[PDB]
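Colleague: For reference, the structure I am asking about is given below.
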Amino acid sequence: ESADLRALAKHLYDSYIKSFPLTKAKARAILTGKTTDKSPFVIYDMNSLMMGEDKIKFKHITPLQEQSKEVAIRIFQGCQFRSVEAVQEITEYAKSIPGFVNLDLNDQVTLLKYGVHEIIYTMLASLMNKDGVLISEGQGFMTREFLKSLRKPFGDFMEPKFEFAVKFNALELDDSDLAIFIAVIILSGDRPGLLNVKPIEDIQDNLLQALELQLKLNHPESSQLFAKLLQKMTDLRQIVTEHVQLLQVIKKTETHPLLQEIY
Amino acid sequence: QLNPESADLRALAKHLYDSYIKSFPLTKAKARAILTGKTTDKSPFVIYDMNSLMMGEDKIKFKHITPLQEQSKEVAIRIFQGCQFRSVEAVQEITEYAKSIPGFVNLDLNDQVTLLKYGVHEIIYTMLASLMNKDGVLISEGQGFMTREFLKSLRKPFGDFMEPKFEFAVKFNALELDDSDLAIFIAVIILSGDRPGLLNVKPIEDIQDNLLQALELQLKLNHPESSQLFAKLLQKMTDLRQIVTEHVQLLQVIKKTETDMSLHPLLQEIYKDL
Ligand SMILES: *C(/C=C\C/C=C\CCCCC)=C\C(=O)C/C=C\CCCC(=O)O
Ligand SMILES: *C(/C=C\C/C=C\CCCCC)=C\C(=O)C/C=C\CCCC(=O)O
């Protein structure tokens with residue numbers, strides 16, 4: 001019992017570290033100033049973004065020459081590109097969750113299709129503070145006020161998440177906590193169209209225990225942390241559906257053929 | 001065993017289960033008996049169509065009272081005004097319930113109201129779970145029963161108000177919770193702290209902190225074979241939000257299709273910029 005819980009806890013942690021480049025500990029260190037010795041390039045306005053490209057050579061999303069002429073759009077484009085990377089990082093992590101690869105292939109896909117956003121938002125918080133967000137592997141920091149400062153719906157998107165990031169991080173969880181947490185979200189037995197809910201649930205349950213214990217040791221001081229963390233899941237749901245809203249709101253823009261398919 | 005510290009938590013539990021019973025006429029226990037047939041005095045008149053809908057008023061005093069001129073021309077509407085007045089009495093009860101929550105009235109008055117503001121529908125739909133089974137829901141304080149099918153037809157929008165409700169009720173009722181559990185859970189929902197505009201959020205959380213602690217011991221004690229019932233119930237809080245919103249969405253649509261339908265004042269300040 002209290003044996004396995006601490007075993008599965010370390011595994012997930014050890015795995016999460018081996019799947020996510022920029023950890024919560026890292027990103028945290030940076031933002032503050034603490035030992036890393038190489039401050040980030042601050043995108044605070046236009047000339048900053050402009051200079052940013054050729055410095056943080058995040059010239060990944062930036063390239064696709066001829067669709068590189070309108071900040072707000074070239075940014076959101078980039079957000080998506082890195083979002084696709086995350087998904088691969090997540091899917092990989094998923095498969096280290098004890099039992100996950102043993103499920104019906106169909107349900108794995110399903111659990112993943114419905115869990116990446118909630119997971120993306122959760123981790124994103126790790127890289128943002130009340131003032132801004134860490135971009136490009138930690139190299140940059142795009143101020144928060146610059147984001148609200150975007151043309152159309154292009155300036156609403158990031159405002160919510162900031163609002164959500166502030167509360168979430170107010171719980172002061174670290175990578176060892178988040179690792180378990182994230183697996184719980186993945187093993188969500190309510191994802192639409194599943195086929196065999198029992199296994200999933202039997203797994204999430206084992207996960208929920210591991211997490212509850214993880215919280216009591218790593219946080220003796222904080223009462224009912226486990227409960228507060230679970231409630232946050234509601235914030236993710238709302239947040240995610242909402243995001244999926246403007247995604248359709250934005251479908252009145254950008255007005256390559258292969259570019260689209262990749263997304 | 002349960003020593004010193006835990007002892008205080010059982011009290012809070014009993015204190016609330018007690019206000020709950022005193023605040024709600026139709027507990028879940030009574031609702032179950034009525035629905036499961038362990039009765040020859042508690043059997044409800046079933047409504048699955050106009051036939052019985054007609055004999056509805058001519059068979060059961062309607063605690064589903066549709067007031068605006070006793071009747072109209074639109075049944076679905078007729079139904080809806082009922083579901084409307086009823087909802088109001090619940091907000092009324094729930095409010096009398098909240099007051100009993102240790103500390104709730106010792107908070108700033110503005111905050112008290114915003115807690116109720118957002119907490120009311122979330123609580124209304126939890127309670128509503130108690131009155132439902134896959135085939136329908138009780139009405140007129142148990143005296144009646146409306147089948148899921150009749151509701152699902154009604155009309156254009158109106159045939160879509162209750163489905164999300166039945167959908168969650170089935171999943172929710174599955175936790176097999178009883179009034180004593182619900183009473184603590186209901187208190188947690190009110191004392192959130194993530195409610196829009198709470199002036200002083202902190203004291204609100206010390207309250208929920210204790211309620212959550214109560215709910216955790218209660219569930220432990222009342223369901224020794226329920227692995228992680230605590231967490232599973234907390235997760236159910238999202239389904240609640242979706243229900244609420246998805247409903248408000250629905251409401252606004254009705255606010256145009258039906259230029260003549262009256263919405264209860266109170267019911268309106270709940271949604272006001274909700
Ligand atoms: C913003 C950019 C990056 C977020 C991705 C990962 C952060 C975690 C890093 C930890 C090391 C993107 C979003 O906020 C929204 C994401 C997806 C929605 C778009 C869906 C699509 O493009 O198909
Ligand atoms: C209620 C639909 C039917 C009522 C069911 C049972 C009545 C018997 C109770 C015995 C104690 C649907 C809702 O309650 C609607 C919720 C809130 C109304 C506010 C305005 C709105 O959102 O429509």
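All residue numbers here begin at 1 and follow the chain in the order shown.
Cβ from N, Cα, C; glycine included.
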Colleague: Write down the one residue from B:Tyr97, B:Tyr271 that Swiss-Prot lists together with B:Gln84, B:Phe85, B:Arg86, B:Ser87, B:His121, B:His247 as binding rosiglitazone.
Modeller: B:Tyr271
Colleague: Swiss-Prot annotation ubiquitin cross-link: which of B:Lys22, B:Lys63, B:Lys236, B:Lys255 has it?
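Modeller: Checking Swiss-Prot against B:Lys22, B:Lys63, B:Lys236, B:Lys255, the ubiquitin cross-link entry points to B:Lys22.
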Colleague: Between the candidate ranges B:40-48, B:175-183, B:265-273, where does Swiss-Prot place the motif '9aaTAD' annotation?
Modeller: B:265-273
Colleague: Ligand 2: which of the binding-site residues B:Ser87, B:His247, B:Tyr271 have a Cβ closer than 6 angstroms to it?
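Modeller: Near the molecule: B:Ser87, B:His247.
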Colleague: Same chain, outside the motif '9aaTAD' (B:265-273) by at least 6, Cβ under 8 Å from its Cβ: which residues?
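Modeller: Hits for the motif '9aaTAD' (B:265-273): 84, 87-88, 91, 117, 120-121, 248, 251.
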Colleague: Once the chains shown are all counted, how many other Cβ atoms turn up within 10 Å of the Cβ of B:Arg86 (rosiglitazone binding site)?
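Modeller: So the Cβ neighbour count for B:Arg86 (rosiglitazone binding site) comes to 19.
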Colleague: In whole Å, how far is B:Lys22 (ubiquitin cross-link) from B:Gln84 (rosiglitazone binding site) when you measure between their Cα atoms?
Modeller: 23
Colleague: Are there any residues at least 6 positions away along the chain from B:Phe85 (rosiglitazone binding site) with a Cβ closer than 8 Å to its Cβ? List them or say none.
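Modeller: Spatial neighbours, sequence-distant, of B:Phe85 (rosiglitazone binding site): B:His64, B:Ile65, B:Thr66, B:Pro67, B:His264.
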Colleague: What does the DSSP secondary structure composition of the motif '9aaTAD' (B:265-273) look like, as residue counts for helix, strand and coil?
Modeller: 7 helix, 0 strand, 2 coil
Colleague: Can you give the largest Cα to Cα distance in Å, as a whole number, for the residues B:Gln84, B:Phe85, B:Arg86, B:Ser87, B:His121, B:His247, B:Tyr271 that bind rosiglitazone in the record?
Modeller: 17
Colleague: For B:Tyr271 (rosiglitazone binding site), just count the other CB atoms lying within 10 A of its CB, please.
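Modeller: I count 16 other Cβ atoms within 10 Å of it.
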